[PDB]
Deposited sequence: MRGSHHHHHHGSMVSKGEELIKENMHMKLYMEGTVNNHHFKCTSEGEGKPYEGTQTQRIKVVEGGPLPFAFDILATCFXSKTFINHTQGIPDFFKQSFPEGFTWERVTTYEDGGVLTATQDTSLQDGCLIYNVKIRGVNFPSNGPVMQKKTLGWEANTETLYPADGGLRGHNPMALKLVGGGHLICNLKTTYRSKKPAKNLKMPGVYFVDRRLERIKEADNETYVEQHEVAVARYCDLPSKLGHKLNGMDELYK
């Protein structure tokens, strides 16, 4: 189970999808420390490059095993191995763009393998995404709770814009273990604080290096009820 996830882990990713009507594929390879909640991925746009849309909208599609599940929070994702798990997500942007994504996470000969499929529609042609006027994501907090057989996550995200503003989107995700739910120690409601940063890019955003830090916590504020 959890013992399959070592202190250092490597990952390989394949991605294919469409945004509005533009098809593309990406690959990535990286490594991280799952229990410290840190990871780096080196990402190539291998088909359909350069993308006519901001690479930022793909950022959260490139890794739940690398979350520091501190403070005795049962780790739904690390428990899921060797079988692995899937996630499905809809991201709704404030200006009409909608990006759905589905992902399969497996463990193959000690390497984490990601299979991601993207479908984004109705991104406005004069918006910052299609005009590529974005500058990465702010830090954020996801709320996760047991639901629908697995875990449900909700989290608003703020995309920085050229010129100083933000474009807001909302993420609604379902995480499903490939292990029967009865064979898992389920967590309560908990939160994941994240900071995702673009470390490097090259060649019209066809090569991107990304780093993420993610730490899970319960509410740390005092309680009058228990």
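- Gaps in the coordinates relative to the deposited sequence fall at 1-16, 79, 244-254.
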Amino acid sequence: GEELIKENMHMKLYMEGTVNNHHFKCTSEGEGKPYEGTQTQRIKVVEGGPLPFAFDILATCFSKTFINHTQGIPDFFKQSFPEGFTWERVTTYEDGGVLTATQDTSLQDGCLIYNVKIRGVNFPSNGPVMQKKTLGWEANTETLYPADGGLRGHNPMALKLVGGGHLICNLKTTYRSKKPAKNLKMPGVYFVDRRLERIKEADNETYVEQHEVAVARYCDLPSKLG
From here on, numbers count along this sequence of modelled residues.
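- Stretches 172-180 and 196-204 differ in mean CA B factor, with 196-204 having the higher one.
- Of the two segments, 66-74 and 50-58, the one listed with the higher mean B-factor is 66-74 (C-alpha atoms only).
- In the deposited coordinates, the residue among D148, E142, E138, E88 with the greatest CA B-factor is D148.
- The maximum CA B-factor among the listed residues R217, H211, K12, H22, taken from the PDB record, is found at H22.
- When the modelled residues of the chain are ordered by their C-alpha B factor, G120 lands in the lowest third.
- Sort the chain's modelled residues by C-alpha temperature factor and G84 lands in the middle third, per the entry.
- In the deposited entry, the Cα temperature factor of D104 sits in the bottom third of values across the chain's modelled residues.
- For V45, the recorded CA temperature factor ranks within the middle third of the chain's modelled residues.
- Ranked by C-alpha B-factor against the other modelled residues of its chain, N126 falls in the highest third.
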